[PDB]
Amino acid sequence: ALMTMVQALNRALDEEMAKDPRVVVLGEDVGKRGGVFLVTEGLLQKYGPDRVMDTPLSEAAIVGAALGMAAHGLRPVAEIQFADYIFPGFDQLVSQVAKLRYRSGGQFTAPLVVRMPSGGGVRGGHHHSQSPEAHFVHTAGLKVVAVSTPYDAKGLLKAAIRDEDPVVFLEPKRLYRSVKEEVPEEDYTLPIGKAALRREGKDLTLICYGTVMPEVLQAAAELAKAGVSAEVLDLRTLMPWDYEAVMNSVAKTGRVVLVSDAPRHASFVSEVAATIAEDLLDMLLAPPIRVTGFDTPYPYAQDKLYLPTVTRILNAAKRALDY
């Protein structure tokens, strides 16, 4: 049956919690309220306060406690109300969570998940729109996943919960209820570290993920009207990203445009772009072009313009095509 991303995420949580008593949920307003976006709705009622717990208003406490719980015996799925608010608990994330296995020679592990809504397209201003994935990708020891469809949301969240490595799970808030897709109720997982081919093409490769998918997909549609077949590749996992899928697509088309709503400088798409250039220069028929968020804090008034538009993506595609 069809369901939104919120429902798929809720289902994934419900399913894993029923399967493993060790799986617990913690964060601000996740219990009684069921989450500010209702992702954890009904879980407290079904599993109890010792499985779903509202925490004090401290991201350091949430992330850090989750790390301790994971190291001792639980499988915590912590929630940071908005990706923008991970910073108060940033040291816990980069100094404790990310480095635990490494610094302890593998003696201690962190089987935990930190999920958080992210991205703009919802007029969130400075702290209700950020996409901080670059900060996580840059930190060795953290797996990073950003979903864009209900089907992936359920499959990848279940995979993250089963994965023993710490996973930062980003959920583009604009996509929480933007569409109802078929999501099997049957138990299934999706592979972390693997991209998903949304549309096959041979004239242009469109590398993207999360928040910008709607515009990227419509841009490909517009291009199709002009006889241009764009291959759309949703990376899904940002760390470790699907090196092979990316290079295979770029080798085929010879031209690539990478899209994300995260700020340009030292962004994840910049990493992929630099890697394509370093490894596939000989296959490039045009320069790798990046369409990203601007290097400014996220603006409220110009929210509509900060987030890459179909036009902005198309202009970059034309540039790559006419090169």
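Don't overthink the numbering: it's just position in the shown sequence, from 1.
Please compare 33 to 41 with 53 to 61 and say which has the higher mean C-alpha temperature factor in the record.
Taking the mean C-alpha B-factor of 33 to 41 and of 53 to 61, the larger value falls to 33 to 41.
Out of 163 to 171 and 122 to 130, which one has CA B-factors that are higher on average in the deposited record?
That would be 122 to 130.
Out of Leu26, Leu67, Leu258, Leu285, which one has a C-alpha B factor higher than all the others in the entry?
Highest CA B-factor of the listed options: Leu285.
Highest Cα B-factor in the PDB entry belongs to which of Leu235, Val228, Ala83, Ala140?
Out of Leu235, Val228, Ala83, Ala140, the record gives the largest C-alpha B-factor to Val228.
Ranking the modelled residues of this chain by C-alpha B-factor as given in the entry, is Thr149 in the lowest, middle or highest third?
It falls in the middle third of the chain.
Can you tell me which third, lowest, middle or highest, the CA B-factor of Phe136 falls into for its chain?
Lowest third of the chain for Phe136's C-alpha B-factor.
Looking at the C-alpha B-factor of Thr253, is it in the lowest, middle or highest third of its chain?
Highest third, going by the recorded CA B-factors of the chain.
Sorting the chain's CA B-factors, does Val97 end up in the lowest, middle or highest third?
Lowest third, going by the recorded CA B-factors of the chain.
Within this chain, which third does the Cα B-factor at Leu281 fall in: lowest, middle or highest?
Its C-alpha B-factor belongs to the highest third of this chain's values.
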